[PDB]
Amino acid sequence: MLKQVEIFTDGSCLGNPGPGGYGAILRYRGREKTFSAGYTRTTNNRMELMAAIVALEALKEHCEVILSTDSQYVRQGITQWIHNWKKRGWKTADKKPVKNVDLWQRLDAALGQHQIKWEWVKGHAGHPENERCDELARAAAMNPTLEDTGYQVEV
């Protein structure tokens, strides 16, 4: 069998764009590790992708992952867009590069490393780990130490 890991992720951003951060919690058989980092100018959606990326890339071997996230953007990309993109060479119907392609590709690579079951939570309430990653993400956004170098500035 694969070892089963629970992952909880969240992103947070003070503007659109603005300072932001991600938070993530990995749990194996009741033992936890946390990840977070803050970026000077990013978007909420990029931070939500980053949280999942960092969490998945931290795994040292193939695992079964229960990945819990409140992110509608990540949900929408995983369920609706990723399949099309891999078929179209990561281009829109219009033949241009998809928004946040750097991170989606990186997430797709990390996803192919493991057996992933997604649990789409509807809020932070009653989800103490998801509430904790929000706190980690907000805390990171209030102390940003890195640049989101892949963010193509739109304003």
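Start at 1 and count along the sequence shown; that's the residue number.
Averaged over their C-alpha atoms, the temperature factors of 98-106 and 117-125 are higher for 117-125. When the C-alpha B-factors of 127-135 and 20-28 are averaged, 127-135 comes out higher. In the deposited entry, the Cα temperature factor of residue 6 places it in the middle third of its chain's modelled residues. Compared with the other modelled residues of the chain, the Cα B-factor recorded for residue 38 ranks in the lowest third. Sorting the modelled residues of the chain by their CA temperature factor places residue 48 in the lowest third. In the deposited entry, the Cα temperature factor of residue 54 places it in the lowest third of its chain's modelled residues. Annotation for residue 93: C-alpha temperature factor in the highest third relative to the rest of the modelled chain, per the entry.
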